[PDB]
């Protein structure tokens, strides 16, 4: 009903992030195709939450640099949300922000640069930018997909927001579309939910869907990537598009994204609320950072493992749909994996326990 908001620490608590871990010794890389961040907002923010501020550094890719536009409603919102959510939850981690031109090659080069960076050596890459997989040049999808495969082989986890325009992903050709890079099978695709939670329990968690005007989580079935072997037990449905082909199901996991139960953040000096799947990648990047710290070695590519874990590791979202285009309710949430929320929201301490040697 009435819109609410949480600080990142409140959501981490709801998802039971493992205590006593802050990401020390880990570096989280965050990809950005526009805007920038200002030290004032970040300082004010971390101080407001009582956490020691992580070191944040910028990396220039193809001439692009950290350049805030000063508009709290522009890309500075994406850049600062990413750093504030990931940094508030893995404050001991080092954060490296890679700025690149907003072009197909810039996005690709930012990924390859971050993944192979011998200076910052990130173990995790968080991405909150994208586009309909069918709207990208095929050559770019192939190049970026190979870059994520390379990251997997190197032990670097790559997480990406699934989109904020529902099952149609903003296209109006009357067909359903999943977003890229989330569609890549080598990426931990992050969907979005409406979360009602307090420190001790989750009262309700449903698919984020605020209609055409408020946005909804991306999710569906890839028309490009075949169904992965490790995802064959998830009961991914065939595509809802005529032809009903089989394909990689999106997302893999999901977390709070509804702006109506959004994140309180400080953008360009303004205290406000932001949501979108954009917040989920940084949120779980912080979770992985804590897990890597405890394990003493990076988890790297997690998809295959996550899909073989027991039900206790996730909170199953079973209600809602991510259709903001028509009344067909494509696609719908349900028991088990679904094309709106994947395996659901992770229960941190249980995921960590499941990964302990």
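Positions refer to the first chain, counted from 1.
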Exercise. Which wins on mean Cα temperature factor, 176 to 184 or 235 to 243?
Worked result: 235 to 243
Exercise. Would 248 to 256 or 118 to 126 have the larger average of its C-alpha temperature factors, as given in the entry?
Worked result: 118 to 126
For this session: Using the entry's values, work out which of 103, 73, 193, 165 has the largest Cα B factor.
Result: 73
Exercise. Which one of 170, 226, 282, 218 shows the biggest C-alpha B-factor in the PDB entry?
Worked result: 170
For this session: Would you mind ranking residue 161 by its C-alpha B-factor against the rest of the chain and naming the third, lowest, middle or highest?
Result: lowest
Seminar exercise, completed: Sorting the chain's modelled residues by C-alpha B-factor and splitting them into thirds places residue 136 in the highest
Seminar exercise, completed: Chain-relative C-alpha B factor for residue 320 (record values, thirds): the lowest
For this session: Could you say whether, by C-alpha temperature factor, residue 214 belongs to the lowest, middle or highest third of its chain?
Result: middle
Exercise. Taking the entry's C-alpha B-factors for this chain, is residue 339 in the lowest, middle or highest third?
Worked result: lowest
